[PDB]
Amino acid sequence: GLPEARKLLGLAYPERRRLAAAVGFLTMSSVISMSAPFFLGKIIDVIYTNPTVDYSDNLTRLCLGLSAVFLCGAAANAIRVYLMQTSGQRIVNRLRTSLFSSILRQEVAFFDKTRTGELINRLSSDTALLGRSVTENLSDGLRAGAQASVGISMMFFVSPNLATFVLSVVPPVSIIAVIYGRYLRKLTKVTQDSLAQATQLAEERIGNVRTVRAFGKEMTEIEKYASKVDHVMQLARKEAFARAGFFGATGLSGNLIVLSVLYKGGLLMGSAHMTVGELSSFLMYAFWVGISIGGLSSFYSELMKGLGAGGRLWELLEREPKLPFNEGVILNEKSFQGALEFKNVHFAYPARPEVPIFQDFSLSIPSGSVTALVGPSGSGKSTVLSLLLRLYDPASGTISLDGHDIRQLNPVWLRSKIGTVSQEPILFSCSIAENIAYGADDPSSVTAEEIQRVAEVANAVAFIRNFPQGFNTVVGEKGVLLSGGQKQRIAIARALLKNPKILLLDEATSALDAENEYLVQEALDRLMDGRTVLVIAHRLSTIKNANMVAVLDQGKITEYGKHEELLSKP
């Protein structure tokens, strides 16, 4: 309501001087324009009164004068439109940057409960709506509002009898038409509800054609759908009958209302209360009020749509992340060794809080050691990485870095010290070089020599240069699809460029081939060297060579020790 309009006020505020200039051009053009029916009525009565008089010179002067008025009106409109559009574009730009900045500051839990599609609809559609609502739509309502105001005033000035008549007739007709319109909307909802059901059934059955086939139900589904769409046709016929009636009734009413004005006006002329010019003026103003009422109606719908968008954008713009974005301490070179400690950690994902991942999880990972995490569910093991990068906070317990609770540190800084290599790595739809550069604190500051060096160590340089575009080859989803081994080696190149003291590896037991597996293992060994390594082990070789082995069973470290001492225990 009142604080909503206050937010729309401040939104247009940085552009107040452009919008004021444009409103000034809009007022000038709209009010000068409103004078034409009045002056046309005077000319109509002049021709009527004097049919024997030569009007060539007046006409030539008037048409030369009107040319000049039209050139001015065109210049004023050009300026007004440019000022309005550019004002909106600046507002939408400020909405895009502000909205994107807030979204990326939110905790992972927020993304867990919010769909990417909805956030993109807010960044696309809602920013467009909100931007034009305080500009184009505000100008549109302002013109229509002034033109109904001037029009109605001019109808009463031209003839207080005919204006009072129109004002007594239109409202009852408009009220009845609104009630008929609301009925027609309900018959439309009934049809579109039924059509939505049929389309959802169709979508489900196409999407699960393998299950449909498997049970020999293609013919059944075809007949089911045919029954649903035959019922839609039944509803659509009822709707069509009500729509035909409405268009007939509103059309007749519109025509008869105009006819009544021509008839009452015709009689007022005969009785000398009015001239033909005066009636012409009245009808032009009445028609202009009609259009202006339409304009105010369209302005109200777009204002409500823009306020709807406004509520959705102020929701994210004002959202305070439930986890700090760039806040906390940084450790010095002397104190940062890369030792990690889990102490009585309890955790369940925000989306599935009913499923406990950790239940009193304690694990001590000393500096420069290789600790192999072993256990049943990989969901539990993979969650360790998420908590170490503080994507989430434990429900209970603490995670410490060199004795410091990771909550007391700058999360951006914490993450710069912890590198990761996934079973299935994520590469953005940009060049290989940009993807590798991403590892650096400053990816625009990396040299081609640094990118090439880590690409050699990661055993990635040969397949990259074997691309026609080389390091300029656009990868990701929207680009060139890479093999699992190729994606992993670029992930290792990125890790090497990051150069973290702590490394978290998730071993890929799902897929690896004779050619890739060798060059990936060789690169992973070079990467693992001189770093605190936490590895979700699947390969027997990494478990035997690891300094320690941790058994994760039902979200707790049940057994911990060297691989050999673990075989002789149970």
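Residue numbers here begin at 1 and follow the sequence given.
Asks: If you average the CA temperature factors over each stretch, which comes out higher, 385-393 or 452-460?
Replies: Looking at the recorded C-alpha B-factors, 452-460 comes out higher on average.
Asks: Where do the C-alpha atoms have the higher mean temperature factor in this entry, in 78-86 or in 461-469?
Replies: Per the PDB record, 461-469.
Asks: If you compare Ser125, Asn93, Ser379, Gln197, which has the highest Cα B-factor in the entry?
Replies: Most elevated C-alpha B-factor of the set, per the entry: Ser379.
Asks: Would you mind finding, among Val212, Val166, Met154, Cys430, the residue with the largest C-alpha temperature factor in the entry?
Replies: So the option with the highest C-alpha B-factor is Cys430.
Asks: For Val329, return the chain-relative third of its C-alpha B-factor as stated in the PDB record: lowest, middle or highest.
Replies: For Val329, the deposited C-alpha B-factor lands in the lowest third.
Asks: Going by the CA temperature factor in the PDB record, which third of the chain does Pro172 belong to: lowest, middle or highest?
Replies: Middle third - that is where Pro172 ends up once the chain's C-alpha B-factors are sorted.
Asks: Divide the modelled residues of the chain into thirds by Cα B-factor and specify which third, lowest, middle or highest, holds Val480.
Replies: Within its chain, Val480 is a highest-third residue by C-alpha B-factor, going by the deposited values.
Asks: If you rank every modelled residue in this chain by C-alpha B factor, which third holds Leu66: lowest, middle or highest?
Replies: Lowest third.
Asks: What third of the chain, by the recorded C-alpha B-factor, contains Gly181?
Replies: Ranked within chain, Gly181 CA B lands in the highest tercile.
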